[PDB]
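Take a look at the structure below.
Numbering of ligands and ligand atoms starts at 1, following listing order. Numbered from 1 within each chain, the chains take letters A, B, ... in sequence-line order. Both backbone and side-chain heavy atoms feed into the values below; hydrogens, waters and symmetry mates do not.
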Amino acid sequence: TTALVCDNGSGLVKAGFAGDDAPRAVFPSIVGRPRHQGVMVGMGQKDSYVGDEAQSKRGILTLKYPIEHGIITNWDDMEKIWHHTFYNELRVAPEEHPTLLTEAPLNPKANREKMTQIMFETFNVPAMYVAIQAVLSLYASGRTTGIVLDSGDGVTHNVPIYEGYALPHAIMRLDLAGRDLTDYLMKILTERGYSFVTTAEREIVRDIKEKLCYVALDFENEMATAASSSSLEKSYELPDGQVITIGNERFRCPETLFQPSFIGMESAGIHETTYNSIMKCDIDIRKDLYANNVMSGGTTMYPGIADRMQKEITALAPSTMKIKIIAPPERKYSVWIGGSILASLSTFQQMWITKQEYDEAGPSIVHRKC
Amino acid sequence: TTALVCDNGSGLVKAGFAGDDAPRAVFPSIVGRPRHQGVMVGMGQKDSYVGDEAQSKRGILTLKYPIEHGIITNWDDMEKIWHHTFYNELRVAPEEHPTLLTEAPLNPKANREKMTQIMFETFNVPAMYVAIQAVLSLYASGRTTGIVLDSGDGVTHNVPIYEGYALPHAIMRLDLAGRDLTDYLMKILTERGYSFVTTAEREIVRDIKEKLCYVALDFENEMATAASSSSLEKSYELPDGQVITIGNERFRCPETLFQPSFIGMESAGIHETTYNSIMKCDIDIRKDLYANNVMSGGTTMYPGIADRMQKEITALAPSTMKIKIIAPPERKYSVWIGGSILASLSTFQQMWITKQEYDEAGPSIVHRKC
Amino acid sequence: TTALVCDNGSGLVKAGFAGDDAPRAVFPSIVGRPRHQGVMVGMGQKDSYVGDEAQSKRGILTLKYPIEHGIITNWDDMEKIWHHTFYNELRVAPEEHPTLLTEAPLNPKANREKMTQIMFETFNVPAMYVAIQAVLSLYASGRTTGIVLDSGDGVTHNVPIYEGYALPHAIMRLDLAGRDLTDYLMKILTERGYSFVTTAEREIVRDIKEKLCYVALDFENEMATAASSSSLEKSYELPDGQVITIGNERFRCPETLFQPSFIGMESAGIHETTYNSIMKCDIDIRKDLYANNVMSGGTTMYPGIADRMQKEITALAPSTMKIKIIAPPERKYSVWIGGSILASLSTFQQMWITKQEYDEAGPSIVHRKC
Ligand SMILES: Nc1ncnc2c1ncn2[C@@H]1O[C@H](COP(=O)(O)OP(=O)(O)O)[C@@H](O)[C@H]1O
Ligand SMILES: Nc1ncnc2c1ncn2[C@@H]1O[C@H](COP(=O)(O)OP(=O)(O)O)[C@@H](O)[C@H]1O
Ligand SMILES: Nc1ncnc2c1ncn2[C@@H]1O[C@H](COP(=O)(O)OP(=O)(O)O)[C@@H](O)[C@H]1O
Ligand SMILES: [Mg+2]
Ligand SMILES: [Mg+2]
Ligand SMILES: [Mg+2]
């Protein structure tokens, strides 16, 4: 009778059971299909690969992400992803496990309705629920009041909560996250002569970004430092043994979070978005929001991002405001951890969307229960 | 109901039954016709000789190869060859044996279509199939990943397969193989005063090449070694008792595979062709191609060719790539062995081109079934 | 005091003086070196040939292209090319002529820096400038708004400009162009029995492609038409008098621009790349980009390419968008014509990189002036 927690991000699936501290399985949410011709008979050559097996065979596949900026764009591939999650990774039967799902705020309603319908009809779950990922990150923190910035592969969002009450008019959503940083790193890696163009070579660039990239405390000083000397240059070995070297692409890629105009966007950086979200809240709750800046997600995992956020929000806010950025070492899984905490609570047990409620009230049950 | 496997190379016919480990018969694919005048009545003096009987009587015949660089140029002589194979060597009736045939990649389509037509009309086979020889060579080695370098009398070709998927854009074909090496050995044997000019004397030079020639690990060092001393000189006894001696023609002949400019070709050597074929494949599959270099065919049978290929590809590839050359002792028949393995599989039984498909869909069935 | 305009493409050099309507000289950017042995004394047998003289003597040379996908890979041969351009074709002294050079977008920075250094040190130009070829193509058409699809021997690129402002985040670059089409035509010409393998025979195949190839309005219909009848077959006479015939290779070769998977690439066709470039631009500027599709370069010179681009972009775009493809009859020289127009303007005269700026600011002047 244990509940399931599935955190469907744009880039990774974090799935497990409620009551744990880490997910069962964490695998990329990709579906790969062969793009060359098979010449050997049989071999169990399947027509599509999901998750880690698609990354294993990615040299002969075309990798597709069913989720795009927090929105599911391919629903057959997403059913493939969910079937993989339930049967090959969790190795469970979804007929007896309530499933907690997550979603970004300010998302299309059809996304939520269709997840509800697929859970209740394709996978026959007894109950389900869709929770906002930033509220779950606050549950993982253990703090009732915080402003949460969640940055994932697809979306960056700010949700300010005070005493357990959210201020939905102050919620920010920015469609700039890890995948845009990967694409920008590809583009600026072309400057040194490195050409990554295929979907399989997007994973190599994502690995380069996760290993070698960091957030500069002061961008212009680091640009001058990289110009003067090669102290910031690091090498990376490609899957075929070729070695690439990057000097200032290491901090130019994550700078797009603070200067979105690098990729041609008109928006403000994550620091200015956070400050604007705080300033749309009530004046009496702003001090507690300044002191509680919870960062979650994999795009907040850069070395130096918390210090840079500290510096920028301190510059924006008054001098008597006491700015703290809470960046737990496990913030790459804060949404899943908070979802496990929430699904394990006794008070939450009356808040599931039951199967009978779905049957006798339609998929639109999800907008008024969640 | 057993299937036939006929490997028609430019130089030799390898024919047998599926399920065996070696072909029934291996004979030269030559048709000899007398060039002098008959003076004795009768004797069963036939107008043409095929296979081993043409080599037996080659002193009074003009030997012709119906296949030239993997392409059948004389179709009447090729029907003679196939009739010999079926009736005098296999001693079977082709009306009840499906026949698996082999062909080099990047070959004229008319070649394949006309083999299909002759099999289905002249020999009345119940079914047939044309397979690429490098895929068959990969079947024999028992693996589904690797780049195959197949060298025969007529063509040398590279086909990279990964997980059973071929990359047809990375397939190389080089029209330099054993027959070009035989001709070059004739030409450079003229340097010591030995004149072989006739088609029958081409077989003597081919025998010299198969017995005395080897691949030098370092060409310039071996050239210096042969210049300094006579330690590399070996003798060969001609059919009439004359003894010839060759010192550096032993490794100068096979060096044409690595330096095609010896015979006036502009192409790259087999090592550089293999490296170029690997580098036209996806970056994620290159490590497994480096570690799996399958060599098949009779022109890869030189002493020291695998070590030289190891050395050259190691020089071309990065230092962290782990280069292996797989050169089985039976690689002179890898194509036939793999064809037997393929024709014996149960999954392949639905992939034959049946007689009815040919009748009601034309000879062009072979491009979309094979 | 007239300025020079040198359009260095991967395949051809277009050089001339600013203010003209056509370049002085258009010759292949190849350097040929003899591959056989000289037996006649003297003759002025030079060790290397550049341009038209290499194509004249290509039967005894190995032709090398110093530019490869818009990137200069051999710099000594490129200095040979530039010296030829300046002294044997333009017959000028570069010490008193500012030189305008062109480059593809998303190119290595070392390419631009080394062209700047060689111009300012080897050829002693008073000033120089490197311009993006698509902006120059937009100069030639006399408009300041439109998305340019420039296809050359080495690179195909999309650059959307609106009101004179470029959107660098929407710039596409595809490393598929005329040379890849020539190689594909060689590969599929092997199907009818025609074997072109040498670098000199690459020019014959390029001539065949330029004379006999066209873009099919509907590929499958043309494939059916070529299968049914021989109405699409045309003959071509080789330099030695042999006549070759091609039926569907005529439109199968240029189809690789719309189906890059023909040569094993994962990218999208030029139509889908153009649509994707338009859709990464602001919603308010998309109507003017749809109506202004400037095509330039020699690979856009196929019969029927503009109509096919019209059809495909119309299929992709909404029905109320008004799609025009602007394909001037002189679009093979749009980059050079636009460069001449730009170098002749009075406003541009303050935008040269002067010699003193180079001397006292390094070769890195080119990234912040251009
Ligand atoms: N150590 C790291 N440094 C920088 N970026 C990272 C790191 N680890 C993961 N990422 C990025 O975070 C993204 C995945 O974060 P995640 O929270 O799983 O997103 P989602 O919730 O959308 O799945 C990926 O795009 C990856 O590039
Ligand atoms: N031991 C050997 N050493 C060198 N060359 C050999 C040897 N044995 C055979 N060959 C060459 O290999 C060629 C035959 O190889 P094979 O694989 O039968 O070619 P094909 O498939 O074209 O018939 C002949 O030209 C012969 O000269
Ligand atoms: N009439 C034509 N039809 C098709 N292709 C052509 C034609 N004329 C030239 N080309 C191709 O265009 C390329 C040269 O175009 P160009 O604009 O000069 O390129 P670059 O700017 O790279 O020199 C050559 O590869 C040639 O094959
Ligand atoms: Mg997330
Ligand atoms: Mg063979
Ligand atoms: Mg050009």
Side-chain angles (χ1 to χ4, degrees), chain A residues 6-15 23 26-30 65 67-71 81 101-104 131-134 136-137 148-157 176-185 202-203 205-215 250 253-254 257 295-305 329-339, chain C residues 6-14 26 29 67 69-70 101-104 131-134 136-137 148 150-157 177-178 296-300 331-336 338-339:
Chain A
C6 195
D7 184 24
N8 283 99
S10 312
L12 288 160
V13 184
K14 277 80 65 187
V26 179
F27 58 100
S29 69
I30 57 176
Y65 282 89
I67 300 192
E68 210 286 348
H69 288 308
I71 303 167
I81 293 277
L101 306 152
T102 69
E103 194 183 44
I132 297 304
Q133 305 167 335
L136 297 187
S137 306
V148 196
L149 175 112
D150 181 72
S151 204
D153 202 31
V155 35
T156 298
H157 56 83
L176 157 62
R179 213 176 294 175
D180 295 353
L181 302 187
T182 302
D183 294 342
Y184 186 54
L185 185 61
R202 271 179 222 273
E203 310 302 306
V205 179
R206 187 191 36 79
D207 205 44
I208 297 165
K209 179 197 56 158
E210 294 172 2
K211 286 176 177 15
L212 298 185
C213 281
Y214 68 97
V215 173
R250 302 182 56 216
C253 176
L257 290 166
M295 294 188 346
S296 54
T299 310
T300 67
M301 272 315 321
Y302 288 101
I305 187 152
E330 72 276 355
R331 65 192 177 280
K332 209 189 276 170
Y333 308 110
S334 295
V335 171
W336 191 96
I337 291 161
Chain C
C6 195
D7 184 24
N8 283 99
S10 312
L12 288 160
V13 184
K14 277 80 65 187
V26 179
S29 69
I67 300 192
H69 288 308
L101 306 152
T102 69
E103 194 183 44
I132 297 304
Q133 305 167 335
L136 300 190
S137 289
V148 188
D150 181 82
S151 206
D153 202 30
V155 54
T156 299
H157 50 96
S296 54
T299 310
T300 67
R331 65 192 177 280
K332 209 189 276 170
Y333 308 110
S334 295
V335 171
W336 191 96

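Side-chain contact between A:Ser29 and A:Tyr65 is present, with at least one heavy-atom pair separated by less than 4.5 Å. Looking at heavy atoms from C-beta onward, A:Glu103 lies out of side-chain contact with A:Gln133 at the 4.5 angstrom threshold. Side-chain contact check for A:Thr156 versus A:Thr299: every heavy-atom pair is 4.5 Å or farther apart. Residues A:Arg179 and A:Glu68 have side chains in contact (heavy-atom distance under 4.5 Å, counting atoms from C-beta outward). By the 4.5 Å heavy-atom criterion applied to side chains, C:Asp7 and C:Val13 are not counted as neighbours. Residues A:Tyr302 and A:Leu257 are in side-chain contact: their nearest non-hydrogen atoms beyond the backbone lie under 4.5 Å apart.
Scanning A:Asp153, A:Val26, A:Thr182 for the heavy atom closest to atom 25 (O) of ligand 1 points to A:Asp153.
With respect to the salt-bridge test (charged N to carboxylate O, under 4.0 angstrom), the residues A:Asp207 and A:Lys211 qualify.
Remark: distances from the non-hydrogen atoms of A:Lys14 to ligand 1 include one below 4.0 Å.
Side chains of C:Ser296 and C:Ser137: a donor-acceptor N/O pair is present below 3.5 angstrom, by distance only.
Taking atom 2 (C) of ligand 1 as the reference point, the nearest protein heavy-atom neighbour is A:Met301 CB, 3.7 Å. Of all protein heavy atoms, the one lying nearest to atom 26 (C) of ligand 1 is A:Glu210 OE2, 3.2 Å. Among all protein heavy atoms, the one lying closest to atom 12 (O) of ligand 1 is A:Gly298 C, 3.3 Å. Nearest non-hydrogen protein atom to atom 8 (N) of ligand 1 is A:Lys332 CE, 3.5 Å. When only non-hydrogen protein atoms are considered, atom 27 (O) of ligand 1 lies nearest to A:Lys209 NZ, 2.4 Å.
Ligand 1 has no nitrogen or oxygen under 3.5 angstrom from a nitrogen or oxygen of A:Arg206. Between A:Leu12 and ligand 1, an N or O atom pair is found at a separation short of 3.5 Å. Backbone and side-chain nitrogen or oxygen atoms of A:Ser10 are examined, and one is located within less than 3.5 angstrom of a nitrogen or oxygen of ligand 1.
Within ligand 1, counting atoms from 1 as listed, the ones closer than 4.0 Å to a heavy atom of A:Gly9 are 20 (P), 21 (O), 22 (O), 23 (O). Interface of A:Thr299 with ligand 1, defined as ligand atoms under 4.0 Å from a residue heavy atom, comprises 12 (O). Listed by number with element, the atoms of ligand 1 under 4.0 angstrom from any heavy atom of A:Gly297 are 17 (O).
Of the possible polar contacts, one joining the C:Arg331 side chain to the C:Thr300 backbone as a donor-acceptor pair under 3.5 Å is found.
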